[PDB]
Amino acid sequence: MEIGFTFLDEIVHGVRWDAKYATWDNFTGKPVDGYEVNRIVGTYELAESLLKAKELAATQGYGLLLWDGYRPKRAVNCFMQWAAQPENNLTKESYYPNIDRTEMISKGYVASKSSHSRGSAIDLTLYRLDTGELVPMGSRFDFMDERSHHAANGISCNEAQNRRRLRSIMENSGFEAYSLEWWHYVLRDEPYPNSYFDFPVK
């Protein structure tokens, strides 16, 4: 494991995760290059502040489900290569109806360069601690639609409020949200801005 980085579960202990890109259940339909392990890797400072976020989901009995933390530059290239491929319609319905692969970059949904490669960005939801069920957010992880925006309409009052609660837990825990994706959060004062790493999630 690279220096300054860690598997986030080794710091944030009861945390739920599903490394979507080490899995076939992502918009490319296969595991993404650079993700060799079904784990969420991150900067220690990301882990530290995620731990505060995990604890602050005391703001109700909310638990965190992590989907993606540190993302290798080669993972970002793999997404770009995928966006340049012909449409096989394999993941279009679930991940990007209403736009196409091309537009998924034009519209700020897939980054040429990603904050994730700096090791301090995280993708996550909340689940109910009591009930153990996923907190409904109106759109799926990597949904790639205006529906996924924090400010989006066509999302119920609960779903919009739920996104607001995730956002508030994150903002109160040293993170900055991102308008276009309710799941994306970057550590506010991150150890390595301007550094985009490429060691594998391994």
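Counting begins at 1, following the sequence as shown.
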(request) Would you tell me which stretch averages the higher CA B-factor in the PDB entry, 118 to 126 or 105 to 113? (result) 105 to 113
(request) Name the higher of the two by mean Cα B-factor in the PDB entry, 151 to 159 versus 138 to 146. (result) 151 to 159
(request) By the entry's C-alpha temperature factors, tell me which of 45, 55, 33, 68 sits highest. (result) 55
(request) Choose from 25, 181, 189, 9 the residue with the greatest Cα B-factor as stated in the PDB record. (result) 189
